[PDB]
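Undergrad: Take a look at the following structure, please.
Values in this text are rule-based calculations from the coordinates and carry no lab data. Every residue, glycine as well, gets a Cβ built from its backbone with ideal geometry; the counts of neighbours run over all protein chains shown.
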Amino acid sequence: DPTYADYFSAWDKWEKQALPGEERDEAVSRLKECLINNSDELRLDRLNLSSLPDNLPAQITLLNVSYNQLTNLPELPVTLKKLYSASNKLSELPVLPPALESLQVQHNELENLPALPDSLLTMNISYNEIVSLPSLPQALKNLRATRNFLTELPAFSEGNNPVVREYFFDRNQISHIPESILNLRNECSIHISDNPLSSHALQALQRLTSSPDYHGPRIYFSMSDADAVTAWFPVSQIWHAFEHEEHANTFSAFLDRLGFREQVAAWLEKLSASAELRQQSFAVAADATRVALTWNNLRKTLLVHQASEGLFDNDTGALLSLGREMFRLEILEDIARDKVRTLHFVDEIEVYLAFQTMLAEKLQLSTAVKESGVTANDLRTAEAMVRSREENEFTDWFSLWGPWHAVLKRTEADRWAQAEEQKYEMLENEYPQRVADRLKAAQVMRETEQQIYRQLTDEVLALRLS
């Protein structure tokens, strides 16, 4: 809270530090004139200023410093209602006064925004390098963000009364439309052309907005948006893997390669070295023409070849707890498949991974990265359903599990061989019960081996370590 003389002398010193090519002298006269009166407005635009003084008149409600060479703004007056600072070289904004209604800082070098007050009605942040936004106030009816580095459309809320709202997010890096935009009324307009959007969300946007019986928001968009495919985004072994490219099932088994990116390379890692892995990965990973049930399969095909070696010979305790995780994952996939029915702009794999990471803590899914439309209720129900199906189905499931059948195939025979030798049921009772209720209405070939392998898993090989 400076005194008149402090303002004057601070501005006089600030003037003598003028870089040539700027009108600091004129700004001081406008600053003094602003102080001398009760003036709510201060305009220092188009003077090519290289900086503002530290202390600006504390009572002003409008500040225009557009078209200068500013890299920084000082602490803005708390009574500020409208801040025009377009066409500068700003790297950061200060904290915004709480009563701000308008913010024009387009054509700067901004990477981030401070907290937007609740009073903000209009905002122009276009032609910056912003990567993501804070939560936007509801009073915000006009927002222009053209040509930034945004990755995500913000989830709007339908205000209780309908007012015209316009959002320009064109020429960004947005890749995912949130399901929330269909809540909004027709009085709101969204511009998302020139964004790297999926062709799925494109075709969804096409289908819904190109229907009669559509009362949502006006969304403006443009649908205009073999072997050297695998090692690209993980560099060197593109030639090493080409030796394997001259083989079977590589056109739909490699082109279909659409945190996670880190160890998709560490799953690339041993399929790289050993030919045993994807002599059989491409087995059912190319004839499935849902990609989370497959992604789980190649997890399994990975895990059977390890169990083929014998990592779980005496350590079946850690094999069992891993099947507990992988069972809850394959329940989560069915949760995911159930939800994508109701979502338009995402497919199962994305929803699956949303469930996996948002629940990795609560359900102890170690094999998950610690990073959409998934609410808080479908997280609660997802846990309630996996926990109950776990209680009812895990042991039957683990007895049929692949990795464990492998460690029995390697470690500890007898029972394993005996189990296979009890194939009497597959011919002494398999023809009568074959359609014994298919006409009273291979399903029992899965029901019979369940019985024996669970029976094998009655007098288990796990009661030798414990």
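Undergrad: Please list 3J(HN,Hα) in residue order for segment 345-356, calculated via the Karplus relation 6.51 cos²θ - 1.76 cosθ + 1.60 where θ = phi - 60°; whole Hz, with x for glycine and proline.
TA: Rounded to whole hertz, the list is 10, 9, 10, 4, 4, 5, 5, 3, 5, 4, 4, 4.
Undergrad: Enter the Cα centre distance for the pair segment 313-344 and segment 399-415, rounded to the nearest angstrom.
TA: Comparing the Cα centres of segment 313-344 and segment 399-415, I get a distance of 20 Å.
Undergrad: Could you work out the Kirkwood radius for the chain, taking every pair of different alpha carbons, averaging 1/r and inverting it, reported in Å?
TA: 28.0
Undergrad: Hey, another quick one. Based on Cβ point charges of +1 for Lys and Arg and -1 for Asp and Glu, what charge dipole magnitude is obtained for segment 280-350 about its Cα centre, in debye rounded to the nearest 20?
TA: 180
Undergrad: Which part of segment 25-42 falls in the paramagnetic zone of residue 62, meaning amide N under 20 Å from the point 7 Å along Cα-to-beta-carbon?
TA: 27-42
Undergrad: While we're on this one: Residues of segment 390-432 with amide nitrogen under 18 Å from the 7 Å Cα-to-Cβ point of residue 451?
TA: 396-397, 399-400, 418-432
Undergrad: Take the alpha-carbon centre of segment 118-160, take the same for segment 72-117, and report the distance between them in whole Å.
TA: 14
Undergrad: Tell me, how many Å apart are the Cα centres for segment 20-59 and for segment 167-201?
TA: 40
Undergrad: Quick one: grab Rg to one decimal and Dmax as a whole number for segment 225-333, Cα atoms only, in Å.
TA: For segment 225-333, the Cα radius of gyration and maximum Cα-Cα distance read 15.0, 54 Å.
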